[PDB]
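Notes for the one structure printed next.
What follows draws every value from the coordinates through simple rules; no lab data is involved. All Cβ positions, even for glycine, are placed from backbone atoms using ideal geometry, and neighbour counts span all protein chains on display.
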Ligand SMILES: *C(=C)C1=C(C)[C@@H](Cc2[nH]c(/C=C3N=C(/C=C4\NC(=O)[C@H](C)[C@H]4[C@@H](*)C)C(C)=C\3CCC(=O)O)c(CCC(=O)O)c2C)NC1=O
Ligand SMILES: *C(=C)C1=C(C)[C@@H](Cc2[nH]c(/C=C3N=C(/C=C4\NC(=O)[C@H](C)[C@H]4[C@@H](*)C)C(C)=C\3CCC(=O)O)c(CCC(=O)O)c2C)NC1=O
Ligand SMILES: *C(=C)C1=C(C)[C@@H](Cc2[nH]c(/C=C3N=C(/C=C4\NC(=O)[C@H](C)[C@H]4[C@@H](*)C)C(C)=C\3CCC(=O)O)c(CCC(=O)O)c2C)NC1=O
Ligand SMILES: *C(=C)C1=C(C)[C@@H](Cc2[nH]c(/C=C3N=C(/C=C4\NC(=O)[C@H](C)[C@H]4[C@@H](*)C)C(C)=C\3CCC(=O)O)c(CCC(=O)O)c2C)NC1=O
Ligand SMILES: *[C@@H](C)[C@H]1/C(=C/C2=NC(=C\c3[nH]c(C[C@H]4NC(=O)C(C=C)=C4C)c(C)c3CCC(=O)O)/C(CCC(=O)O)=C2C)NC(=O)[C@@H]1C
Ligand SMILES: *[C@@H](C)[C@H]1/C(=C/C2=NC(=C\c3[nH]c(C[C@H]4NC(=O)C(C=C)=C4C)c(C)c3CCC(=O)O)/C(CCC(=O)O)=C2C)NC(=O)[C@@H]1C
Ligand SMILES: *[C@@H](C)[C@H]1/C(=C/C2=NC(=C\c3[nH]c(C[C@H]4NC(=O)C(C=C)=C4C)c(C)c3CCC(=O)O)/C(CCC(=O)O)=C2C)NC(=O)[C@@H]1C
Ligand SMILES: *[C@@H](C)[C@H]1/C(=C/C2=NC(=C\c3[nH]c(C[C@H]4NC(=O)C(C=C)=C4C)c(C)c3CCC(=O)O)/C(CCC(=O)O)=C2C)NC(=O)[C@@H]1C
Ligand SMILES: *[C@H](C)[C@H]1/C(=C/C2=NC(=C\c3[nH]c(C[C@H]4NC(=O)C(C=C)=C4C)c(C)c3CCC(=O)O)/C(CCC(=O)O)=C2C)NC(=O)[C@@H]1C
Ligand SMILES: *[C@H](C)[C@H]1/C(=C/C2=NC(=C\c3[nH]c(C[C@H]4NC(=O)C(C=C)=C4C)c(C)c3CCC(=O)O)/C(CCC(=O)O)=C2C)NC(=O)[C@@H]1C
Ligand SMILES: *[C@H](C)[C@H]1/C(=C/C2=NC(=C\c3[nH]c(C[C@H]4NC(=O)C(C=C)=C4C)c(C)c3CCC(=O)O)/C(CCC(=O)O)=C2C)NC(=O)[C@@H]1C
Ligand SMILES: *[C@H](C)[C@H]1/C(=C/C2=NC(=C\c3[nH]c(C[C@H]4NC(=O)C(C=C)=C4C)c(C)c3CCC(=O)O)/C(CCC(=O)O)=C2C)NC(=O)[C@@H]1C
Ligand SMILES: *[C@H](C)[C@H]1/C(=C/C2=NC(=C\c3[nH]c(C[C@H]4NC(=O)C(C=C)=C4C)c(C)c3CCC(=O)O)/C(CCC(=O)O)=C2C)NC(=O)[C@@H]1C
Ligand SMILES: *[C@H](C)[C@H]1/C(=C/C2=NC(=C\c3[nH]c(C[C@H]4NC(=O)C(C=C)=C4C)c(C)c3CCC(=O)O)/C(CCC(=O)O)=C2C)NC(=O)[C@@H]1C
């Protein structure tokens, strides 16, 4: 699961090395940055349902054709699954803020996403619009500190990039 | 040349990745630690001859047999080469403090050291004693700040470990 | 370029074999089937613009949101590129009917299609609808013989499968 | 076991492909050619003993030295084994006509034939003469249709080539 | 590969000397946070940059998507989008390291000869890299125009100074210029 | 590799056009059975052709089997028999496909440079290929002479026409001529 | 270089034999006048063929005359017109000689590598050569269309036969196909 | 591998829940500096620890260096010094990560079966690991005895608290105990 410490340990292990100067130095970066990303993680844990709901509502507002018979937002099951999927991405982003790396998003969200959406004829654009809405929504210090919001925005942009 | 930033770039490159959350976070560690290790690097640059000389004198004091005809400290050339070698190790440690990694010591000091010393019948014990003396010599805040001296001591212990 | 004859030659070459009983027998299949698929190839060459135009019109009729400002069918350039893309797929299908294999569609249409559409935010559904319309449109003997239309329909289904 | 259908399936499987246009087209060739080769297979099944006997008699007529003490046709056991071997090749040719490929001859006759004959000091020339006699013997429409005899002759030439 | 600091070490080792200009190294460290903002601005917007740069190259030269053009057919357009992303990735590595070594050694070494052998137009590639250089400059300064971005506009919200990291913009631009020099 | 049909497709794709000359493709199909007879005539007689061609090369140039000759010792004679069979195999592939691509790409590309590096005489190789070209012509026409075959004479029994597949003979001969051109 | 007759001599010299197939040589001589008509038809219309072929390549791929295109600027358009004329010249030499040696040795040897080194698109070049191949076929047959010629239409007035020199058309076409093969 | 934080994520994902206990994560971060001191204390003294631990195992069981003993001859003593260093390396990784995953997955999985197959005594190995566990405890607390160190004594100079990182000592000891459990 990619994080600061798993990256330096994997590089140390590939070369048969004990932790050295650069390994500890890297982890000092986590000690400095954790406050910002744990602030974001706590805000997102506290308010994920509201954040996910407004992102879901944004993507359906942009693509109302999804409501037409046979389209991806057209039944109660589809509507519930779509909103669930947005919450899945935000939960994986909460996990990345806890860990300080893309590992959880890489392994549990992004890997296979394109094969799944292609196989079920789910358009990618609504997913991108939902995340893009969430990316443009936040401001500091209203929602959280500038560095907390920077961390949150970077992980949203990372998910957006994975679908683009 | 192993450092915080070359390690995360090499791991990113192996996976075809842009720099991500954990890569920037790792480099924040360098931003926090640089003051301490650049303090050590500047002290060592300023006083390397005195530091190397007293380490050389310590290893000959421990192993006076090196002064006997045919032994490794017995001629003016040998004496000059031995003192030069201790200064080489300290210069490579200065480089490691600048870079925040073992790269310079790995590539320019440690690789081949045992083949060379074995081939010329140079005993390793005096090298270890010189570095070990240097490792035990420093104290904070006399010589430099506690964290500067921690970084210096870790690189001396790294060199010592490579010879042990 | 995958065809009956290139497939048996590639398998013969991998084993260091002269053409043998099964190789000539395979090519006899092409001699029997060529009339049907060359009938389809000639019809498609004769009428490709009309066939492509009605498939393009079908996909825009299904997804009129594509006409809205900023969407994939919203400018004269976009409209022309979309219609061009449908004609590209039909031209590659004409090539497959000439060759008696998926080679031309494999190498010139399908390889990279998903990377391109993802990168430009082109939804795949309209491509699938255009080909799906073309697949359901034809009937024998009106358009061509039953076996000609079987060959045409199989290559449309192959393209559809590649996008699904 | 090499045939039209096993060749196209093996090539499909190596590339992870469903059967496609060129695979079905290849099998249409088997549907057209089967009548000729099953006619040959049925004639050979019906008359293999007479066909094998006259080929055996031809090769001993060409190489009567084989009858001398210590040579390969010199005892009752040797005579019976030699005639049996000719019938083995003709049975494998019957199998190739059934299958529409060299598979049975490749796997059960040709693989190891040279190691066996070398190890037992069996000259190859009599085997070649027997098959060569069988190859030159047949005519259409007396023995079977022209295409049936073409199939039979091609498999005899294939066995001859394997020993040459 | 080297970074800005190991570059100073390699320069010093040419005279087996200690690194004495610690002031310059302290200056690198003091611009550390803005450097991380600059890398974050490119990485966060990389897909928008690549698709816009390759689309721009194509809207200026329509032959790339016509018979015999090197973004035709689908396979070649995909390969070209991949190469623009690769080049941008190595430029972002260079900016994170403060040194071109990784770009020079892992991306540019033999690139022209590879493109010559494949028939990839170096002219059109240079134009794609020019557009990415302009995009990168705007994203580092956090001044992308609505005219070029439309609904895809992004703001990073880095703390603003009057010069808007002119020094990092010049550095980033010099890495894109090494790509252009390597293909010219 | 290409066959005659994918050759027409690649030519058409140079102007992103449909293949319009379906009459020529129908002509290829109408000669399909005689083409299969032509491939069967070579494959069925390949061992006789190779041994006769290499033996012919040698009976015209005795130095190949004397001190310093390139069919001396046993290992080199074996390697040369192998190469004559390989060349004949790629020519039969080209005839089955109705296109030289497989011969050009998998056999002739770098052959001269390989032979130069090994000291294999291209002159004597050209003579072996000349004899195989003559053998192939006779077997396609089903007119091998008893004078050149003796007891090894074979008849294919293909249905005879006046021209004896002159067009297939010319095509087969043009593939052997590509080998000769590649070594000359 | 070789011509059709010295080609027969070089083939015979591979077995140090006399040329015995005088009938084939007499057949070459009997088509001598029509061969001179075929060369005259190309040489006499060469400027119209080159400008129409290069203009055709360009109207099918507009990128050649846009930023970064290889017929931009004036110097490159001029260089390309020169190359189309050179290729057509070597093809006409081959047709006059009845042998590709002069085309192979003096024009095609290293052409692909030169074009790779310069960034000249081989795809677009192949299209120019395709058009010249079609033009040459029509001029040899003395059947150029008014649709493609307009006021530039030329009639040679060679003595007509029903086949319109099909064999010379195929030969000329095979030389253009060697150019395309050399660049493909 | 997991670290302490991705361990919390994996636990939460078992109920597809967000990680809500941020207080525990803040507690991990607050002990970050002392954790880095603990890893530095082991890595900096690893050679002294390995040689003293293996020498200790041997001075308690002299059979390891007698006929049929598993540190006899030179090759086996070297292999054993290597294994003690490897085990200590994976324990230091686990302490740096705050999670045993890397130790369990990359070092302990199949270790007993490997040792069974080689004839490596698990008893004597457990003794080497016991000594390294005691050494690690002392170096983390910065209280190595002069009695066991002599002239090799090292002081780390970490800032002292009354408990001397009792919680990190227990954690480190639990990783050594996983090794012992895996071999017992
Ligand atoms: C084709 C008709 C055509 C194009 C396609 C387009 C290409 C182009 N783009 C620029 C400059 C920029 N584009 C940018 C891209 C983005 N801005 C954003 O906010 C999002 C995230 C992202 C993706 C859409 C940016 C940042 C720039 C920099 C300048 C600016 O912001 O205004 C250019 C200019 C190239 C140059 O200066 O040499 C071009 C040509 N243009 C077309 O004509
Ligand atoms: C050495 C003294 C010497 C030779 C050895 C021989 C080589 C040679 N062979 C030909 C022509 C042919 N040989 C053929 C071979 C076969 N015919 C058959 O029926 C069997 C199956 C097969 C193997 C024996 C064939 C078919 C030909 C074609 C012509 C024909 O049939 O008559 C040549 C002539 C080469 C040329 O024309 O350039 C040569 C030289 N000749 C020797 O002198
Ligand atoms: C772009 C808009 C464009 C072109 C430019 C043009 C190119 C083109 N030309 C041909 C075919 C021919 N052109 C010929 C030229 C001439 N005929 C004459 O009588 C004079 C002397 C000379 C100069 C004008 C000829 C002879 C031909 C051969 C065919 C014919 O006569 O009809 C093509 C056809 C290419 C092909 O078949 O592959 C092309 C594309 N076309 C354009 O679109
Ligand atoms: C055989 C005669 C024999 C031994 C060999 C020796 C082994 C042994 N060592 C310990 C405990 C420690 N040794 C330590 C090692 C070091 N101290 C340092 O400062 C340097 C860097 C390093 C190498 C010399 C340390 C730190 C300890 C921990 C305790 C302490 O410091 O006093 C043990 C005890 C293990 C246990 O308690 O089970 C043993 C057995 N002993 C021998 O008898
Ligand atoms: C040009 C690049 C920019 C710009 C950047 C500035 N950012 C400054 C400070 C700053 N940035 C960060 C975020 C950064 N640090 C990290 O550790 C990480 C991620 C791991 C990132 C992305 C921080 C934490 C800080 C410091 C806190 C603060 O000062 O707010 C900065 C101010 C300091 C300086 O002058 O360098 C600048 C200038 N500013 C510009 O005008 C353009 C848009
Ligand atoms: C020059 C090559 C020959 C020649 C060949 C002819 N054969 C003709 C027809 C024909 N051949 C076959 C056998 C072929 N078809 C297959 O499917 C397979 C194997 C899988 C093979 C080997 C068949 C079945 C047929 C068609 C039936 C028939 O017509 O008898 C043929 C006649 C048709 C035509 O004009 O092309 C010719 C000319 N003829 C010659 O004179 C030389 C020796
Ligand atoms: C395809 C090439 C043509 C075609 C050509 C024919 N020309 C024929 C005969 C012929 N041509 C010339 C002129 C030629 N001989 C020269 O010495 C020179 C210049 C120095 C040239 C350009 C002559 C003198 C003759 C012979 C006199 C005559 O027959 O009028 C010809 C007829 C003979 C034959 O069948 O080869 C042909 C076919 N005919 C065609 O249909 C296309 C357009
Ligand atoms: C048990 C492990 C020790 C012990 C450790 C403590 N260290 C404390 C503070 C501290 N240590 C460092 C160095 C460390 N941080 C890094 O970034 C790196 C390398 C990159 C290392 C090696 C720092 C920077 C600090 C913080 C500054 C300071 O407090 O001086 C510490 C105090 C904080 C706390 O209570 O957690 C402790 C306890 N102390 C002990 O008693 C044993 C010997
Ligand atoms: C700065 C003032 C901005 C701006 C901010 C506003 N956001 C408003 C409401 C709002 N924002 C969110 C997402 C936010 N809450 C979270 O929990 C997280 C992440 C954990 C984020 C990023 C939500 C869910 C809501 C609705 C509930 C609420 O009222 O907080 C908001 C209120 C107006 C509105 O609802 O549109 C403002 C003003 N608005 C701006 O234009 C500047 C640039
Ligand atoms: C803490 C108070 C120690 C201690 C320190 C002493 N070291 C003495 C002199 C000395 N130390 C060095 C090495 C030092 N100089 C550097 O530039 C660096 C690092 C870059 C280091 C580690 C040198 C070269 C010297 C001689 C020059 C000088 O006087 O500064 C020293 C003076 C008396 C003596 O020589 O022993 C002391 C007191 N001594 C202790 O007992 C505690 C534990
Ligand atoms: C069987 C009777 C069907 C059916 C057929 C209809 N299609 C109509 C027109 C039409 N179809 C195409 C596609 C067709 N043209 C081609 O060239 C090819 C293949 C190469 C295909 C598959 C086109 C382009 C057109 C328009 C031109 C034309 O009229 O031929 C059609 C006419 C009425 C209408 O537009 O619906 C019919 C009746 N319709 C059916 O209901 C059955 C099941
Ligand atoms: C886009 C701006 C171009 C363009 C690009 C094409 N590149 C093609 C393939 C290709 N690219 C490279 C270099 C690339 N690979 C690397 O690993 C690195 C650096 C680490 C880079 C920068 C290679 C080695 C290859 C060959 C491998 C392959 O074919 O995938 C390519 C396909 C060429 C072809 O096969 O025909 C294209 C089209 N094309 C354009 O027209 C613009 C200017
Ligand atoms: C026979 C007509 C020649 C002759 C031939 C020799 N070739 C020798 C080896 C050899 N041949 C090739 C090319 C060949 N290998 C392929 O894979 C292909 C095409 C796919 C072909 C056409 C290679 C690469 C090699 C080297 C490998 C090896 O040595 O087995 C050869 C042996 C040379 C040596 O090692 O001394 C010979 C003698 N020799 C003659 O004199 C006539 C003219
Ligand atoms: C036109 C169909 C092309 C195209 C052609 C260009 N060729 C350029 C220069 C060039 N061409 C050659 C080969 C040519 N010279 C010979 O002597 C022979 C044969 C005997 C041939 C066929 C050479 C050696 C050169 C380089 C030296 C020179 O300038 O003459 C060229 C200019 C390249 C440059 O300097 O950038 C062009 C543009 N360009 C096209 O876009 C179409 C496809």
Just a yes or no: is a residue in region F:105-115 within 30 Å of residue D:128 (Cβ to Cβ), more than 16 Å from ligand 3 (Cβ to nearest atom), out of contact with any strand residue (DSSP E or B) (no Cβ under 6 Å at 6 or more places or on another chain) and assigned to a helix (DSSP H, G or I)?
yes
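The rows are residues; the columns are (1) surrounded by fewer than 16 Cβ atoms within 10 Å (Cβ to Cβ); (2) free of Cβ contacts under 8 Å to residues at least 40 places away in the same chain; (3) under 21 Å from the mean Cα position of the chain (by Cα); (4) more than 7 Å from every other protein chain (Cβ to nearest Cβ).
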site: E:9; (1), (2), (3), (4): no, yes, no, no
site: E:14; (1), (2), (3), (4): yes, yes, no, yes
site: E:24; (1), (2), (3), (4): yes, yes, no, yes
site: E:29; (1), (2), (3), (4): no, yes, no, no
site: E:41; (1), (2), (3), (4): no, no, yes, yes
site: E:51; (1), (2), (3), (4): no, yes, yes, no
Taking the options H:44, H:31, H:15, name whichever one is away from ligand 11 (no atom under 16 Å from the Cβ) and over 19 Å from residue H:142 (Cα atoms).
H:15
Looking at this structure, is residue B:109 touching a helix residue (DSSP H, G or I) at 6+ places or on another chain (Cβ under 7 Å) and within 16 Å of ligand 8 (Cβ to nearest atom)?
no
Among (1) within 29 Å of residue E:56 (Cβ to Cβ); (2) more than 7 Å from every other protein chain (Cβ to nearest Cβ), the one test that residue C:153 misses:
(1)
Can you name the number of the only condition in (1) closer than 23 Å to residue A:161 by Cα; (2) more than 9 Å from chain E (Cβ to nearest Cβ); (3) part of a helix (DSSP H, G or I) that residue C:122 fails?
(3)
Out of everything in region E:60-99 that is over 25 Å from residue G:66 (Cα atoms) and not in a helix (DSSP H, G or I), what residue ends up being farthest from ligand 7 (Cβ to nearest atom)?
E:98
Working only within region B:1-59, note down all residues that are over 24 Å from residue E:26 (Cα atoms), facing another protein chain (nearest Cβ under 7 Å) and not in a helix (DSSP H, G or I).
B:18, B:20
Which of the numbered conditions does residue G:66 fail, given that it passes all the others? Conditions: (1) surrounded by 20 or more Cβ atoms within 10 Å (Cβ to Cβ); (2) within 16 Å of ligand 1 (Cβ to nearest atom).
(1)
Just give me the residues in region H:153-174 being within 14 Å of chain B (Cβ to nearest Cβ), surrounded by fewer than 15 Cβ atoms within 10 Å (Cβ to Cβ) and touching a residue at least 12 places away in the same chain (Cβ under 8 Å), in sequence order.
H:155, H:160
Residues in region G:116-143 that are more than 18 Å from residue G:54 (Cα to Cα) and within 8 Å of ligand 3 (Cβ to nearest atom): how many?
1
Check on residue E:88, away from chain G (no Cβ under 14 Å) and either within 16 Å of ligand 9 (Cβ to nearest atom) or in contact with a helix residue (DSSP H, G or I) (Cβ under 7 Å, 6 or more places away or on another chain) (or both)
yes
Return only the number of the condition from (1) more than 8 Å from ligand 14 (Cβ to nearest atom); (2) touching a helix residue (DSSP H, G or I) at 6+ places or on another chain (Cβ under 8 Å); (3) within 11 Å of another protein chain (Cβ to nearest Cβ) that residue G:69 does not satisfy.
(1)
Going by the structure shown, is residue A:127 touching a helix residue (DSSP H, G or I) at 6+ places or on another chain (Cβ under 8 Å) and either over 22 Å from residue C:118 (Cα atoms) or part of a loop (DSSP other than H, G, I, E, B) (or both)?
no
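Yes or no, residue by residue, for (1) within 14 Å of chain E (Cβ to nearest Cβ); (2) surrounded by fewer than 24 Cβ atoms within 10 Å (Cβ to Cβ):
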residue: A:65; (1), (2): no, yes
residue: A:68; (1), (2): no, yes
residue: A:76; (1), (2): no, yes
residue: A:99; (1), (2): no, no
residue: A:102; (1), (2): yes, no
residue: A:116; (1), (2): no, yes
residue: A:137; (1), (2): yes, yes
residue: A:146; (1), (2): yes, yes
Would you mind stating whether residue E:94 is buried (at least 21 other Cβ atoms within 10 Å of the Cβ), under 19 Å from the mean Cα position of the chain (by Cα), under 30 Å from residue C:80 (Cα atoms) and away from chain G (no Cβ under 14 Å)?
no
